[PDB]
Structure formats: structure tokens, C-alpha cells
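Just the one chain here, laid out as C-alpha cells, in the form deposited in one PDB entry.
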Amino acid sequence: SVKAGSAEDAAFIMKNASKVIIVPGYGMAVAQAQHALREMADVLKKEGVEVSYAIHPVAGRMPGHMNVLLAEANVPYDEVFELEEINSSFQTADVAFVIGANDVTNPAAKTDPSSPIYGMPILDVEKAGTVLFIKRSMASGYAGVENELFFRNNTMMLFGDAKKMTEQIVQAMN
């Protein structure tokens, strides 16, 4: 019942856009997709596009999980933002590049009172013109609950390993 999508053609969507927010999560860490992610980002800045990374307080499986991996891929600190300084900017962005995140974006935290993720503030990725989730499958996250964002008009899935998908997208950007 959900909408699909593949590696192909996510490269120009971001290349054509004025602004993109990258939203990394645990899956990004599992695949070690971070060196490919950073190279995907600065080809964009070489095009004149404005890039950002939105870090949820509990992305990954430990405090600072995304920070160490992003630091290893040499992402500049000035492009990395915490949930409170970045959440309003989704409104003004053409693309939400979600790579290996899920629970961190899940709207049932604001709605659905009787849910396991309720009350945890999330990143408001839906408010971006378009949302791309990279993950291997439709499988759930740490909470073990479905995410409504996967199936609406403004969302497109990219079903592959986070390292493979991003590497492929960089080649399509050239």
C-alpha cells in the first residue's frame, strides 16, 4: 500500500533544488555511509545549493553517534544543527534527505498519545517540499512502530543500503 522509488533521479531533485536538509540516523551508521554522504553534499555547494544536516538528540544508538561519523567524513561543524535550531527551517526547504533515520522523524510523537514514541520531540521533516527516505526496506526502527511519512504525496522512498544508494547518487550527480 506504500509508495516506492529507487536510486535513479534523486540526484537532480537535489541538484535543481535551492535548499536541502540531510537527516542522518542509525541506518547511516550501520552502513558506514558517511564519507559518501559528505561528497554528495559538497558537489551541491559547488553547484551553489545550500546544504544542512539536522541532528536529533537521540539519532543512532548513543549520544553524539551521528557527530563522530560525520566528523570522520570531515563534514564542517558550521553545517550541523541541533533539533531546536533547525526544526523551523524545514518549512523553507525543497528537500529532506533522510538517510537511515525513522523514529527521529515520526509524527506519532506529536499525535497518537497512546504510542511508545509519544512526547519525544521530533524533526519536522514533512514540512519540507519533498522528503526522501533512504533505507533498505519498509522495516521499522528502534520503537517498532510504523511511520506515516513513508506514504504521502510529498514523500519518495529510496530502497537500498545507505552506503550503496548514496555512492550511486554521487555518480548520477556527475
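Each form is matched to the other, and the largest set of C-alpha atoms that superpose within 1.5 Å is called the rigid core. Sequential numbering from 1, following the sequence displayed.
In what follows, reference is made to the form deposited in another entry, a form of this protein that is not presented.
Only one entry in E126, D112, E50, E39 has its C-alpha moved by 2 angstroms or more between the shown form and the other one when the rigid core is superposed, and that entry is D112. The distance between the CA atoms of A109 and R136 is at least 3 Å shorter in that other deposited form than in the form shown here. In contrast to the form presented, in that other deposited form the C-alpha positions of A59 and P116 draw closer by 3 Å or more.
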